[PDB]
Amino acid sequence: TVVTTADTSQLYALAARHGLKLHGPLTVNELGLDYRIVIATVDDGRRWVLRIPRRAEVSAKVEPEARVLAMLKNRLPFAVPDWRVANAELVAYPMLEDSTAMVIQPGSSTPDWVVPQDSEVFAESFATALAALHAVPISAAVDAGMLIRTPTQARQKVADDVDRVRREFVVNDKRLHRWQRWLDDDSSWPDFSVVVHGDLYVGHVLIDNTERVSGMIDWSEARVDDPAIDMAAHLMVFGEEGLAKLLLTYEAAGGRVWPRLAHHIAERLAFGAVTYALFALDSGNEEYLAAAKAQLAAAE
């Protein structure tokens, strides 16, 4: 035989327990710390994504995320995963075959490709898609049992994350003062919350052949919270010029803005160091921890 990374017999049995008959090519990504991700061919001739929780604490998150996606399906003008299997041992959905807005080889630190800066179709359709997401009524989020943060709770969560990093790591003094100044800067913070994706960047956005946004994936961080959460990565990837274009079109599409939104988004992006450090800490992974500590101690 030939040794292969995927355990085809175990994967077949797992899928079959949930009404899916695997047959044909599959691909496996075991780099995720919480899930194994397999793209598999099923006897319907279609590819399906198998999202396999690794541990009980991850399995616990399946049921609430399933309620989120069930609520979002009809309320977004783009596709989201259709979790036709959702249980503690397996999530599975038909693959949304459109490409992500970037392409990267598993394990690599460098993408092969990112949708270009000058793609007006991408920029525009991402802005309108984001306005549509942020227009989902909070009532619908409450009815779906989502995590809800008022503006005060949103700001408290950021404070709590900063304080946890301060307890566990040694942070550059200027970084600490930046975060504290932000937390104390009333004019930066929004006076409302919206449904956010929570982990939104080009790698979780799907596009058609023309580069028009057609879907979003990986909704595990979705909640009602600060809208700027979903704009930080756009600034990170497309710069201030990209952000300026996003905010103009987002507002024109009905997105609610506030005067210091662009500033707030930059502060949220800086806060990404906190998010990364807590991910590292909770992961127990020494390589991620090494990177986090180095970033935190470094002057920005």
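Take the two forms, find the largest set of C-alpha atoms that superpose within 1.5 Å, and that set is the rigid core. Each residue number is its position in the shown sequence, starting from 1.
Could you check whether 229 to 237 or 44 to 52 drifts more from the shown form in 6 other deposited structures of this protein, using RMS Cα distance once the core is superposed? Relative to the shown form, the greater RMS C-alpha distance in 6 other deposited structures of this protein belongs to 44 to 52.
Which segment is farther from the shown form on average in 6 other deposited structures of this protein after a rigid core fit, 23 to 31 or 248 to 256, going by CA atoms? It is 23 to 31 that deviates more in 6 other deposited structures of this protein.
In the PDB record, does 156 to 164 or 112 to 120 carry the higher mean Cα temperature factor? The stretch with the larger average C-alpha B-factor is 112 to 120.
Which of the two stretches, 51 to 59 or 27 to 35, shows the higher mean Cα temperature factor in the record? Per the PDB record, 27 to 35.
Take the CA temperature factors straight from the PDB entry and tell me which of 210, 139, 125, 150 peaks. It is 210.
Would you mind checking where the Cα B-factor of residue 174 ranks among the modelled residues of its chain, as the lowest, middle or highest third? Highest third.
Could you say whether, by C-alpha temperature factor, residue 277 belongs to the lowest, middle or highest third of its chain? Tercile = lowest for this residue's CA B-factor.
Which third, lowest, middle or highest, does the CA B-factor of residue 197 fall in along this chain? Lowest third of the chain for residue 197's C-alpha B-factor.
Check where residue 85 lands among this chain's C-alpha B-factors and tell me if it's the lowest, middle or highest third. Middle third - that is where residue 85 ends up once the chain's C-alpha B-factors are sorted.
Once the chain's modelled residues are ordered by C-alpha B factor and cut into thirds, is residue 203 in the lowest, middle or highest one? Residue 203: CA B-factor falls in the lowest third of its chain.
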